[PDB]
J.: 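Next up is a structure, given as structure tokens.
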2 protein chains.
Amino acid sequence: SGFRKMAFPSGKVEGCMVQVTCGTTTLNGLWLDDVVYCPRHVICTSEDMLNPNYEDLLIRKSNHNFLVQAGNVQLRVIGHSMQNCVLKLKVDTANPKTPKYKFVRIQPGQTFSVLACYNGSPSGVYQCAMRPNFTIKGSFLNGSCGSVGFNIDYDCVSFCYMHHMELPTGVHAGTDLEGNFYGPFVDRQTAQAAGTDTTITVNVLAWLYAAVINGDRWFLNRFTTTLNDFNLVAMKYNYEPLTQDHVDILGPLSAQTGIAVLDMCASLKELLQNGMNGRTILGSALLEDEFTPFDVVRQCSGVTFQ
Amino acid sequence: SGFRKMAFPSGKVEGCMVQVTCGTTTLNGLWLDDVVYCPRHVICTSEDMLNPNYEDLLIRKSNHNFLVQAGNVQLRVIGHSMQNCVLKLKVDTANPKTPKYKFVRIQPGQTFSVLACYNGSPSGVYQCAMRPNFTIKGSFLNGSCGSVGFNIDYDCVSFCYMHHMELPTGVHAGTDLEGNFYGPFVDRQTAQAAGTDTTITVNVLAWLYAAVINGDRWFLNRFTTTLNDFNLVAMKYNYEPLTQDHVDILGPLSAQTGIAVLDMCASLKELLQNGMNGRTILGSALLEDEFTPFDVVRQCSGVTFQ
């Protein structure tokens, strides 16, 4: 029993982290096979970030201008190219620790683990979600760009995020591993403001199922609802509209607990309208939305990775 | 910016996890040098757990009765001994992935990372604290015993916890790596109830400093207090008494923010008496007590491990 915000084991990703320095800027890179991936703003000074022309700035950079260090050893850069907002630095040595991996572009509402790194060295691991406004609420200081987000299915690491930017409001923006930003954000130090931080309804419901499986049952009420009636309440509280696709995804948790999805929706509706009255659910005083239905099943079934 | 519940990178510990089977019971072991450490209740059936005589049960076990598997390969058990509540299984091969390590017995209030494992395979990593009642609030299913808790300082893993038991109330109990339980708990399936779940005051204060460093400043008030006056409020709310030792430990965070420790205490006192009025601090609707002052400094300074 017990339900915790749980990250994936990070060892497979630790073995891929390197330090990348270009001129005076140092950040992290991801070394997979004979390629190191990093944010293209490694080529920028802080002055450059205000209005960078990346193609022009890149002209002044050769292979030998990218210093790549894995622990205490250099890697030799034999080619480089810009793909969207990432650089691909070809090195002469394939990473002997390369795991099985894929690059995936995730949907808003999906979760992943972040290995926060500085100077190519892992500092910590935590769980994030891609918010509906395409930001993430991470923990990133200077030096952390190029840290990655990932999921693991057995022995395959699916990389889905690379950190690039901190917005003036303290939330975070980045790209997939093909270098395309999530949402409308750009790698320029400008006025970029995030849209509404909407709550991920299907994730709240999954977490309520996790609470029931763990004995936290006080919020179960005598009511049910419909999708359209629930969504009238979802909209007022800045919750994502619940769809039939979401109902289908919650099917297994509904079967395990014997609580119909729409009955759980009516419980959530009462929590939104009445608050929690100073009570807690799984040790939280607010409605948690960064566990997916898949996250709940994994943590409740003990799925492992090798 | 951003502050997250952050675990240590788990790769150094992943390489030490093995599966231990004795008879029909399978759990996890920790392989360091040529010794595998695991809970002694690996020798018990579920019936045995009601009133086990471990010395008697162990008589019926020989080296060859302990099946130890690292991934897909057996390890050969060449000796075994009981130390308190752990078994030490001597194997004929030193773990080639053994990190620099120490065994430490932690104090209540200190935090650590848990690598939850099943059948010797890591499933996830999360952050815990040793509660003042000597329980931990973890996430452990059947199969998870022998999972360990640890801290890392640079390249040295300090192992501090091994999971043994789930209490009927759903909280968790275990030992240090010398096999001595934290608190009064025993490895027997009996009525063991936890004492008061007291809040770790020095950790709440550290987290309030983390909030200020991140721009969450609404709870700063115009008041100060004294240790004795604060502790009159701490006692009413089941908070640990704050001591001068705690004040000294918070010194660096006080210096960085310019907020005197006793001024932060008066802010906390108002939060305890008035509640948070539906507001949040670092995304939490309650007062968080599982970050130590050291955890805050590390996460706020970007300390790394290699």
Side-chain angles (χ1 to χ4, degrees), chain A residues 1-15 17 71-72 113-128 136-144 154 166-167 169-172 214-215 275-276 278 280 283-287 298-305, chain B residues 1-15 17 71-72 113-128 136-144 154 166-167 169-172 214-215 275-276 278 280 283-287 298-305:
Chain A
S1 59
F3 202 74
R4 274 271 187 193
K5 183 63 66 67
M6 185 179 288
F8 283 98
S10 60
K12 291 184 174 279
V13 177
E14 291 170 50
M17 297 309 308
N72 288 337
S113 298
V114 171
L115 181 64
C117 290
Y118 297 93
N119 302 295
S121 290
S123 84
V125 70
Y126 56 86
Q127 199 66 1
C128 275
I136 73 169
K137 298 184 191 148
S139 178
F140 293 112
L141 301 174
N142 276 70
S144 68
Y154 298 75
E166 184 166 69
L167 301 196
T169 50
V171 301
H172 302 111
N214 276 274
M276 293 156 72
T280 61
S284 294
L286 59 82
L287 302 175
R298 297 198 284 108
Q299 188 169 160
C300 292
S301 75
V303 166
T304 53
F305 312 86
Chain B
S1 59
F3 202 74
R4 274 271 187 193
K5 183 63 66 67
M6 185 179 288
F8 283 98
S10 60
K12 291 184 174 279
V13 177
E14 291 170 50
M17 297 309 308
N72 288 337
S113 298
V114 171
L115 181 64
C117 290
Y118 297 93
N119 302 295
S121 290
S123 84
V125 70
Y126 56 86
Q127 199 66 1
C128 275
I136 73 169
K137 298 184 191 148
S139 178
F140 293 112
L141 301 174
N142 276 70
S144 68
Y154 298 75
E166 184 166 69
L167 301 196
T169 50
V171 301
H172 302 111
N214 276 274
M276 293 156 72
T280 61
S284 294
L286 59 82
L287 302 175
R298 297 198 284 108
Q299 188 169 160
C300 292
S301 75
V303 166
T304 53
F305 312 86

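Heavy atoms only: backbone and side chains are in, while hydrogens, waters and symmetry mates are out. Letters A, B, ... are given to chains in the order of the sequence lines, protein chains preceding strands, and every chain is numbered from 1.
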J.: Suppose we screen for salt bridge (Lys or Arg N to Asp or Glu O under 4.0 Å). Which residues come up paired with A:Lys137, at least two apart in sequence or across chains?
T.: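 A:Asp197.
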J.: Which heavy atom of A:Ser139 sits nearest to which heavy atom of B:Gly2, and what is that distance?
T.: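 That would be OG-O, 3.1 Å.
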J.: With respect to chain A, which residue among B:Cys128, B:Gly124, B:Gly215 yields the maximal number of heavy-atom pairs within a distance under 4.5 Å?
T.: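 Maximum pair count with chain A is reached by B:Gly124.
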J.: Taking B:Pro122's backbone N and O only, do any of them form a donor-acceptor pair with A:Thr304's side chain (distance below 3.5 Å, no angle check)?
T.: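 Not at all, since once roles are kept as given, no pair shorter than 3.5 Å links the two residues.
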J.: In terms of heavy-atom proximity below 4.5 Å to chain A, should B:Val303 be classed as side chain, backbone, both, or neither?
T.: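 Contact with chain A involves the backbone of B:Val303 alone.
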J.: Give me the atom names and distance for the closest heavy-atom approach of A:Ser123 to B:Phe305.
T.: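 Minimum heavy-atom separation between A:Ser123 and B:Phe305: O-CE1, 3.3 Å.
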J.: Of the backbone (N, CA, C, O) and the side chain (C-beta and beyond), which part of A:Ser113 lies under 4.5 Å from a heavy atom of chain B, both, or neither?
T.: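 Neither the backbone nor the side chain of A:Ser113 comes within 4.5 Å of chain B.
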J.: For B:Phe140, which residues count as a ring-ring contact (aromatic ring centres under 6.0 Å, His included) partner, sequence neighbours excluded?
T.: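 So B:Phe140 forms a ring-ring contact (aromatic ring centres under 6.0 Å, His included) with B:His163, B:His172.
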J.: Measuring heavy-atom distances to chain B, does A:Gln127 have an atom under 4.5 Å in its side chain, in its backbone, in both, or in neither?
T.: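 Looking at A:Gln127, just its backbone touches chain B.
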J.: Which bit of B:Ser284 is near chain A, if near means a heavy-atom gap under 4.5 Å: side chain, backbone, both or neither?
T.: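 When you check distances to chain A, only backbone atoms of B:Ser284 fall under 4.5 Å.
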J.: Pick from B:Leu141, B:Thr280, B:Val114: which one has the most heavy-atom pairs with chain A under 4.5 Å?
T.: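 Top option by heavy-atom pairs under 4.5 Å: B:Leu141.
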J.: Among A:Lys5, A:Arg4, A:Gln299, find the one that has a side chain to side chain contact (heavy atoms under 4.5 Å, CB included) with B:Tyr126.
T.: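 Among A:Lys5, A:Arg4, A:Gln299, the one that satisfies the side chain to side chain contact (heavy atoms under 4.5 Å, CB included) with B:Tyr126 is A:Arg4.
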J.: Determine whether a donor-acceptor pair (N or O, by modelled atom type, separation under 3.5 Å) exists between the side chain of A:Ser10 and the backbone of B:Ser10.
T.: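 At least one qualifying donor-acceptor pair exists.
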